[PDB]
């Protein structure tokens, strides 16, 4: 089994890693083994003097605080966004652009970005007056929680993977990670995309040239957001599993809504679902516009990702036997 797991991990730098197989082979530890592999490959243990046992202990605890019973927002998703961010960081157009600390920030933000997700949306938590929505005053409720948990876990026994960073490095990493994870709040999508467009319009090359924090952090925010919305750009066997998982999670939120006598949210009604038309809409109004802009920023590095996305759209279009539009307006606008 150890030999087979290592053969799968050989694809860690490739778009389309068999992350589900890795989850099976690791005894459901895809986040831990993927993060460890990535930390080794990028020499981040040596650079930031992170003891290996400390890394593993944090990683295992982080992974335990992802909910295994939640169908999509679980440790397998987290592992995937980590690995996708890892690949995007190595695109040719960004060679030598980011420091090691910025790289660590992006990867760490990706690892914690959904930790302790309950499998229901921000709008559900707000509308049911949940404890979390009360704690966070209705704004980026989940994302503020993921951050709080991700950092609090560093305080458990032998979990402080940032113990040998300088005070300035810790502060700077924490500021970046907060900015990145808050930008994963889906309601920020349109503003993020607008800002990414504007940056592409004024971009300078030599490989991209990024002069200031503001431009660098924008690119990292968008990167991780692209990684979070990367499933439809993956090989179709992977995409299809991610779609089945997200619909299961949504339909479960619908069932909770139904039991409380609430109006069933768009995309959450298992009795009135249009899975394939809804993916086509998601790709057309959200994922293709974002990834086309990312592809411009890194031109021509992301051409194959775009082509896969377009092929994957045709497949869902071809398997069709209020809701999309209401879901989009409520989810991706401020």
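Numbering follows the first chain given and starts at 1.
- According to the entry, the deposited sequence places 10 or more unmodelled residues between residue 321 and residue 322.
- Unmodelled deposited residues between residue 206 and residue 207: 1 to 3, per the record.
- Mean CA temperature factor is higher for 288 to 296 when stretches 59 to 67 and 288 to 296 are set side by side in the entry.
- With 145 to 153 and 246 to 254 compared on mean CA B-factor from the PDB entry, the stretch scoring higher is 246 to 254.
- Listed residues 76, 96, 107, 88 were ranked by CA B-factor as deposited; 96 comes out on top.
- When the C-alpha B-factors of 117, 188, 260, 175 are ranked from the entry, the top spot goes to 260.
- Sort the modelled residues of the chain by CA B factor and residue 215 lands in the highest third.
- Residue-level temperature factors show residue 274 in the highest third of its chain, judged at the C-alpha atom.
- Ranked by Cα temperature factor within the chain, residue 132 sits in the lowest third according to the deposited record.
- Ranked within its chain, residue 100 lands in the middle third, by CA B factor from the PDB record.
- For residue 32, the recorded CA B-factor ranks within the lowest third of the chain. Only modelled residues enter the ranking.
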